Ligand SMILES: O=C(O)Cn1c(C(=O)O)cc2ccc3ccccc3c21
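First, one chain by itself: the form solved without the named molecule, in structure tokens.
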């Protein structure tokens, strides 16, 4: 369902770019095209695809005219632009090397900290497109506010992610703190935002229905981030497209949280000695310790429980939305 729509979705990118690209600003405009091609393409498009898939499922085919669809995939691309924005900036703050199987944009020769302006340009495009295509829709302001509220929450999440991981400083790494981080940093924008966008486009804007969708989608977001933490250490970089940094960057990863919960006092010291340091020998020691306490299998356990819990939540809260809206998304993770 996602898999079949992916093609139409990716083709519509060329138009996004033509519409986004005053002879005086020529060069700046050419640099925008380059920023977009490099940073908006190459991912799985889960998030933007979710807008289009959920739109199809919530609007009657008789209301799905050609113009109506154009807008659904534009808002789909706005969500991808948000993602591209957050990624370019997070890679600098995380000192990451690769993203989506290539060098991070800031690590390119001749880019560096200019990437900061590039990232924000990507964010400015969302609102240019919203104006271009939705300025006369009755949901226009709802969408604008949704995308803004979603950036604020996710920047709040980052702050928490950064404050909990000072460079060159474990008591801090609790369950309560972790859940809080992943809720703000990932769950609102990766999960609530795309479904809610499609809800407002389908004329569904009751508070109750948004909160019920939210209940489902925040929990899916939390699982997704825990998966992200797992793959940071135990995923194949040939598949993920990115090299992990979590132990080096002293992060409140799900892995470190579970570990702590499990560790003999001596094991606690091994972690204390080695965590949050750039030395490959010390990172390997931490990885060995995670393997010593079967955290890959604890992760496979958690993944199953949480999937059951998400399914229970869909059964409780999907009505009156088609459950397929949610099942389709959960199956893709």
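Numbering follows the first chain given and starts at 1.
In what follows, reference is made to the form solved in complex with the named molecule, a form of this protein that is not presented.
**Request:** Examine residue 46 and determine whether its closest non-hydrogen atom to the named molecule in the bound PDB entry is within 4.5 angstroms.
**Result:** Contact check for residue 46: yes, within 4.5 Å of the named molecule in the bound PDB entry.
**Request:** Evaluate residue 74 for contact with the named molecule in the bound PDB entry, applying a 4.5 angstroms cut-off between non-hydrogen atoms, and reply yes or no.
**Result:** Because no heavy atom of residue 74 falls inside 4.5 Å of the named molecule in the bound PDB entry, the answer is no.
**Asked** Does any heavy atom of residue 224 come within 4.5 Å of a heavy atom of the named molecule in the bound PDB entry?
**Response** Yes - in the bound PDB entry, heavy atoms of residue 224 and the named molecule come within 4.5 Å of each other.
**Asked** Taking heavy atoms only, is residue 190 within 4.5 angstroms of the named molecule in the bound PDB entry?
**Response** Yes, residue 190 is a contact residue.
**Request:** Within 4.5 Å of the named molecule in the bound PDB entry, counting heavy atoms only, one of 265-273, 23-31, 284-292, 38-46 shows up; tell me which.
**Result:** Contact criterion met by 38-46 only.
**Prompt:** For the stretch 319-333, which residues lie within 4.5 Å of the named molecule in the bound PDB entry by non-hydrogen atom distance?
**Reply:** Counting only heavy atoms within 4.5 Å of the named molecule in the bound PDB entry, the contacting residues of 319-333 are 329, 332, 333.
**Item:** Selected hinge residue, 87, 216, 53, 73 [rigid parts, motion between the shown form and the other one]
**Value:** That leaves 216 as the hinge residue.
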